[PDB]
Each structure stands twice: as C-alpha cells, then as structure tokens.
Amino acid sequence: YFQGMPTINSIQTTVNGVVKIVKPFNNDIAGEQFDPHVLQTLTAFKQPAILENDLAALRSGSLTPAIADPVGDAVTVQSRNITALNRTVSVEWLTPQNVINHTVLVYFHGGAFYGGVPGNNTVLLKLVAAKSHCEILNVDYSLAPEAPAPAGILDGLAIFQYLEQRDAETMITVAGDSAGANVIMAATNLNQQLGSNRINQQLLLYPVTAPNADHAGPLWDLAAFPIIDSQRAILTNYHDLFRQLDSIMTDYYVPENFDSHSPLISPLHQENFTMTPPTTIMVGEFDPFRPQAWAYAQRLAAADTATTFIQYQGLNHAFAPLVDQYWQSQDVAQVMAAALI
Amino acid sequence: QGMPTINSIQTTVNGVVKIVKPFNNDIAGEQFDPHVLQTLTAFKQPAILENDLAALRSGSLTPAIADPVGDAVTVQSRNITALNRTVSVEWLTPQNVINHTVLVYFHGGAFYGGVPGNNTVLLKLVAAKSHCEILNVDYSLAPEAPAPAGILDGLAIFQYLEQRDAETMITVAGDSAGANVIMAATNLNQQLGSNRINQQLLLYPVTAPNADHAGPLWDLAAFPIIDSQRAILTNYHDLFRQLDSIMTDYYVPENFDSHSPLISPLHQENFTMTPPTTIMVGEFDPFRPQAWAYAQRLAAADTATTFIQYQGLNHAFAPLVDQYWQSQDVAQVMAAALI
C-alpha cells in the first residue's frame, strides 16, 4: 500500500530525552516553507478569517468527503455498539485478514471537541489495520456541547473496560488526532488511576494538549514559526484562525462547572507523567498546536517515559487522514502500523 | 478542510454566466471524476432496469449519509394545509433564523419516488451556513398522485408561506424530477400574481421529460470522453434514456401531455417572469443539455442566469455530501445564494 513514496532523508536527534525525527517534505528544502501540496489548499488564508461562533456552521465544515481507498475489501469496516459503565458507544470496527492476538488499537477522531465524524479517518485506519493485521476501534465518542466534558472521556473508559474484560491479555494502543487525541489521553489517564495497565502505548497525531492556553504566551507565539516571506501572511492568517478556534471549541467542550486548565482537560498540566505509556507524537512544522505537543513530549521524557516526536516539515494541522493527498499521511500510517506489531 | 483550491473557469455565453469547475487541477474535462468512476463499474455492461414500481421505488432511496451537524439544526415533520391540500413537510430550522427568507426544496426520485430524507443532510448543511429555514417537502408522488398533484402541493406551500408572512422572500429549489415539479409550481404561482418567489436553485433539473431521444438533447456526441470510459458512459446514458420514458409515463396521466409547459418547463412560451436562477449540473449528466437549453431561454428573456458545470460528475450527486467535494460545494453555493 506504500509504493510511489519518496526517499526522504530524515534527521534524528535527541532533545531533553525526546527522540526527535524531522522529516523534510523533500530533500532540497529542510524547513521554513509549506509543502507545495499543502500550500495550494491555503489560498483562502491570503485574507484574514473571522470565525463565527455558530455550532451548526462550524460542524458543517467538519465532514471530509470520501478519501480514495486503496485497501478496499482487504479490511472489513462494520459498526457496532458496545456497552460498559451504563454507556452505549457506537464504534466503527475494522478487521484485517489474519488478525493478530491481544494487540488492539483504539482511535478517537478530531473535530475540535464539538464536531467531526469517525468516517473522517476510516481510510487511514484501513491502511494501518491492513499493514499491522491488528483490529481497530474507530470510536464514535460523545461530542460537545450536547455531551461536553467528561462524556467523551467516559466513553473512552467504557471502551477500555469492554476490551479488558473481553480479553485479559489485550494490549491496547490508544490513538487520536487533534481534540480527539486530547480526549483519549484523558481517558487513558483515568483508566490508569483505576489501576488498569493494559494500555501500553499512545500514538498521537497533532494533539491538543492544552486547550485555550494563553494566546499571548509561548505556546501561541508566531515567532516560533519562521517561514519564507511569500508565505508569511498566509501563515499568520492561518494561525490566527486556529487561535480563534481554540477559544470557541474549548468553550463548547468545557461546561461551566469545569475548567480547561485542569489535568483531565489539559494533559500538559498533569501533575505527574510517570504512568504515561510510551508515546509517539506526529505533527506538522506549521501546526499551531506543535509547541504544546512538544512541551508535552518534554514532560513525558523528563518522567522517563520513552517519547518519539516526529515533525513533518511544511505540514499544517489535520493532514493525516488525507492519504490520497500527502506522502506524509501515508508515512503516518506506516509509523502507526510499525508501532503495533 | 484540506481542499486544494479548484480553479474554475467563468465565461458568459448568450447572457448565461457559465462556471466550469474541474474535478481537480490536472484534468479540465472529458473523463469521470475517479470517485464517481468507482461507482460505475457495473456499467461496463448494459444495465438492467427492473421496470416495476416497487423495484423502482426501492432504487430511488439513498442509503444513509454521514451527518456532521446533528442536533445543531432542528428537523421536524409538520403538515400544512392550503387549497384543501394537506402537505407533509420536513422542516429544518437553524439557530438564529433570518427574517423573511425561506427555502422550499423538492427531492428527486423520477416523479414516482424518492423521500425528503434523501437530501436531509445536504439541507442541514445549507441551513447551517445560511441561517435560513427550509421546507423539505413530501410532495405527491406518481402514479397514485400523478401530474399535477405535486405541482398543486407546491402551490399550497407557497400560499401557506405567503399568507403566513407577507414579506417572505421564497427561494425554490430541488433536484432532478423534484426541480421539475417545483419549477412548474413556481410558474403557476406567478400566473396567479404572486411575486414572492425571487430565486430558483436547480440541481440537475429535468426540464423536458421524455424529450426526443433521437434529438439533440439526447445525443451522446454531446459528451466527449476518453476511450477507456466510453462504454461506461454509453451504458449509463442509455439507462437514463430508458428511465426517462418510464418515469414520464408514470408522471403524466393519459389526458395530459409531457410536451406541455407545465410538464416541460423548457417549453414554456414565456420566460420573462422566471426568477433569477442558478443551475448546478455534472458534465456527464444525461439531463445536462436540456438544463443548458433552459438556461439559454432564461437569459434570452433577460433573466439573471448562472450555470455551474461540475466536470466529471453524473446525475444525482448533490445529496451525497460524504462522497464528493462537489456536493459540499453545492451546499455552499446554495447557502451563499440565500444570505
């Protein structure tokens, strides 16, 4: 499934205990500009964006039309309901040929806590299942504001309990992208505080680790994103849109009795990272959430948890499911499958 | 929304604003969008149409379409009564509805079939983006209620809306055969002297049911395509030619005629009262030539007319918002025409 891919010279270093892998978008450009395939999608950001705080309008921009599917029949995709903790959760269940025992992956889609659908990343996960021969749960977890924090977190815990009671030898890898990664990270933390040790790995695609962090702070500073002149207005406008989204989405996700800076809403602000599973983070050079993902990686490493931080040069937010658009998305699938076997 | 910007091509032809949108930036036309092509594998051989009502109706139902909006747009069934006709409507109401503007939509389904639910998600997208309330009408279906029952259901809806709010501005819309019915109802509403309908939004409309199949509106030569896809197009086009006769037969009772102005809007004697219109249609839709012929007649009556051609696309694509970027573009074009 991974042919026609470029031979990229990646750069691997160790920074504060973090294994860092920087992958340029080609071998002639090391950084500081968008991958050209990304750039052609960002034409709108030549002008500033004003994000209207309207739920339906926001949701209406969170459906990805079908991605070309090279896997086809080689992986079965079927929906079913599971029930634990008096919560019924719909999951899109992926089964490959010759499925392997015990190892299972649980995935939460992104969509800024309030939107998206699991179908947004089906094809990416078919690639992962087909390569690793691992079964995958693509979870239709609760969305805010109708079911704000901690509903999605509790759905995750329900899923983990179901899997562990189903099979005592199960090894669970948790994964997600964006706000979905945030929710499953919190569920994982909670699973561990109840004494389960079955989750042995996190695979996080551009996670939101600190929702609604200070937008005049170091996590939201555009000076951390050097870029060529011709693309600096586009980058500024793009980053500013995500700054707007960060506030709007957190308001939806967090009810009034709760707070966004708490450990279960901002995994970056956990008091302790010693229980956290070995983690791989994958993120674009120009992802507005990259600094907080890096800060998270450094906290894990300092707690002596093995952490790999793969930075895709020239990439923005939300690229990974787009396997028919970017080689980097195909690489994300490869990296995930290798982590499961 | 990682969509590579598509570079559309806008020209003006006989007063018609024509907007051609390639399915990507490498290919300008003359082949199917690969997303569409993978659904047409069966058409490597001639198709077999099961000509009986139950089979035809079952084939006019869309399987479930992913819905990203959910409860953020309210959807409820209400009946309205006007002209002694009771019409069920699936009503879509967004949060913070705008005043006076309202959209009335008629589903496709070849006059005998389809259900409002076929295009519910598409319309939630439109309501979300426009803040406009939408009536997704369950209009009368042939042959139990053939022409002009659906037309009269449309007129009853318009009367209900206009007596409800004297300053309402109505946009009428629909796809395929539904567009046909609501276009005729619009014509009728205008002939009774209402001017509250100020726009039409037409998704691959059937403007001339059962037109001459040996004539220019049904000539395959109008659809140049690469050799590797000619067989598929030929069989797809042939299926629709057959369906054209069958559906018109169900729709049109013996005492009436398909060539008449109220069954074939293309054959209206006069287009001067016709509202400003946007038509959206695929490059390989068999009803594309009759849609274009209609647009030309509009523009010749000095009515603002926009014709949007989606390259590589076939018939009935618009509700499938989880399948094609073009389906979402349709929702955006419609939302933009309502605000």
Side-chain angles (χ1 to χ4, degrees), chain A residues 8 21-26 29-49 51 58 61-65 67 109-112 115-116 120-121 124 176-182 204-211 213 215 219-246 248-249 281-294 296 309-333 335, chain B residues 1-6 325:
Chain A
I8 255 67
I21 298 170
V22 172
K23 305 200 181 194
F25 65 80
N26 65 41
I29 296 162
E32 302 186 352
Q33 65 184 273
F34 285 112
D35 179 306
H37 303 87
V38 173
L39 181 65
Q40 73 188 356
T41 75
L42 297 175
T43 298
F45 293 96
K46 297 184 174 195
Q47 310 299 325
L51 201 53
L58 297 162
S62 69
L63 178 65
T64 307
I67 287 142
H109 67 86
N120 288 351
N121 50 258
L124 171 72
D177 69 84
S178 194
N182 176 285
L204 310 169
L205 309 176
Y206 35 90
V208 179
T209 67
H215 293 147
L219 263 21
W220 281 94
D221 179 17
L222 265 166
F225 298 89
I227 204 178
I228 60 170
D229 302 70
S230 57
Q231 301 172 6
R232 193 173 296 140
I234 283 166
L235 175 64
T236 301
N237 290 327
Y238 176 76
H239 188 266
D240 173 74
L241 176 68
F242 273 86
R243 189 272 302 161
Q244 293 177 63
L245 179 68
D246 186 36
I248 281 165
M249 83 190 184
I281 295 154
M282 287 149 278
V283 65
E285 173 187 8
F286 297 109
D287 192 319
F289 296 99
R290 161 172 67 77
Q292 68 189 247
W294 171 255
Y296 177 82
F309 185 96
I310 303 180
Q311 178 166 314
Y312 293 92
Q313 301 296 76
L315 266 291
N316 60 343
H317 196 70
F319 74 91
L322 308 181
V323 298
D324 61 356
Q325 284 188 46
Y326 307 121
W327 74 257
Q328 293 94 339
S329 306
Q330 286 178 83
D331 190 66
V332 155
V335 173
Chain B
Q1 196 157 67
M3 248 286 299
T5 298
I6 252 67
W325 72 257

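Side chains are part of it too, since the values below use all heavy atoms of this structure and drop only hydrogens, waters and symmetry mates. Residue numbers start from 1 in every chain, and the chains themselves are labelled A, B, ... in the order their sequence lines are given, proteins ahead of strands.
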Whether [X] side chain and [Y] backbone form a donor-acceptor pair below 3.5 Å:
X: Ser62(A); Y: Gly116(A); value: yes
X: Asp246(A); Y: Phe242(A); value: no
X: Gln244(A); Y: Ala49(A); value: yes
X: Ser329(A); Y: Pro321(A); value: no
X: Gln311(A); Y: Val22(A); value: no

What's the separation between atom [atom1] in [X] and atom [atom2] in [Y], rounded to the nearest 0.5 Å?
X: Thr41(A); Y: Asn316(A); atom1: OG1; atom2: CG; value: 5.5 Å
X: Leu51(A); Y: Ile248(A); atom1: CG; atom2: CD1; value: 4.0 Å
X: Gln313(A); Y: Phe286(A); atom1: CD; atom2: CZ; value: 7.5 Å
X: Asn237(A); Y: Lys46(A); atom1: CG; atom2: NZ; value: 11.5 Å

Open item on the list: Going by side-chain contact (heavy atoms from CB on, under 4.5 Å), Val283(A) matches just one of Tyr312(A), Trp294(A), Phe319(A), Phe309(A). Which one?
Closed with: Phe309(A)
Task: Salt-bridge criterion met for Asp229(A) and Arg232(A) (N-O under 4.0 Å) - done: yes
With heavy-atom distances below 4.5 Å as the criterion, would you say the side chains of [X] and [Y] are in contact?
X: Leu235(A); Y: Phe34(A); value: yes
X: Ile8(A); Y: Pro24(A); value: yes
X: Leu205(A); Y: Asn121(A); value: no
X: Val323(A); Y: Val332(A); value: no
X: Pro207(A); Y: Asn182(A); value: no
X: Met3(B); Y: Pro65(A); value: no
X: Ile281(A); Y: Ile310(A); value: no
X: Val38(A); Y: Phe25(A); value: no

At their closest point, which heavy atom of [X] faces which heavy atom of [Y], and how far apart are they?
X: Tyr238(A); Y: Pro288(A); result: CE2-CD, 3.8 Å
X: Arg243(A); Y: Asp240(A); result: NH2-OD1, 2.9 Å
X: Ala210(A); Y: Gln292(A); result: N-OE1, 2.9 Å
X: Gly2(B); Y: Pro4(B); result: O-CD, 3.3 Å

Open item on the list: What verdict does the side chain to side chain contact (heavy atoms under 4.5 Å, CB included) test give for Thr64(A) and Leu322(A), after you've listed the backbone C-alpha separation in whole Å, the side-chain angles of each residue and the deciding distance to 0.1 Å?
Closed with: CA-CA 9 Å; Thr64(A) 307; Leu322(A) 308 181; 4.1 Å; yes
TODO: Check the pair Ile227(A) / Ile234(A) against side chain to side chain contact (heavy atoms under 4.5 Å, CB included), numbers first and verdict last.
DONE: CA-CA 10 Å; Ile227(A) 204 178; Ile234(A) 283 166; over 6 Å; no
Open item on the list: For residues 283-293 of chain A, which residue pairs pass the salt bridge (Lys or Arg N to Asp or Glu O under 4.0 Å) check, not counting sequence neighbours?
Closed with: none
TODO: Among residues two or more places apart or on two chains, list those pairs meeting salt bridge (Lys or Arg N to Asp or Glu O under 4.0 Å) that have a residue in residues 313-332 of chain A.
DONE: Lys23(A)-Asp331(A)
- [ ] Using the side chain to side chain contact (heavy atoms under 4.5 Å, CB included) rule, take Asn120(A) and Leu63(A) through it: C-alpha gap first, then chi angles, then the decisive distance, then the call.
- [x] CA-CA 7 Å; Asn120(A) 288 351; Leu63(A) 178 65; 4.1 Å; yes
Task: Test applied, ring-ring contact (aromatic ring centres under 6.0 Å, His included); reference residue, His239(A); option that passes from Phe289(A), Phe45(A), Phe225(A) - done: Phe225(A)
